[PDB]
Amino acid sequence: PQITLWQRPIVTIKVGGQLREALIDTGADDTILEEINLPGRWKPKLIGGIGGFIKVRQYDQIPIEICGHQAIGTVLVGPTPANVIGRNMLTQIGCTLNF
């Protein structure tokens, strides 16, 4: 779709067999989801944003469906205040900015 920015650009995702809503976030390099149960091995990572840093679990090669488009990549899980789809996944679904 085309999405305008009068409201938060929230879309439906499926990840780890679970449905969630997430922000299309061009200011996010990586994809970060609130506590969600994902399978398998992970590595602890500290990431930084406005306000400071959080500890996340890094999961690699995680399949995700983003508004009906398929991607696979790194998903970081931790105490983010918002589920954010970052550029690592947005590049796979052909998402662009236009003005």
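We number the residues from 1 along the sequence you see.
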Entry-level comparison of average CA B-factors, 33-41 and 63-71, reporting the higher stretch: 33-41
Residue, from 7, 2, 96, 92, that the PDB entry assigns the highest Cα B-factor: 2
Lowest, middle or highest third - CA B-factor, residue 51: highest
Chain thirds of CA B-factor: placement of residue 86: lowest
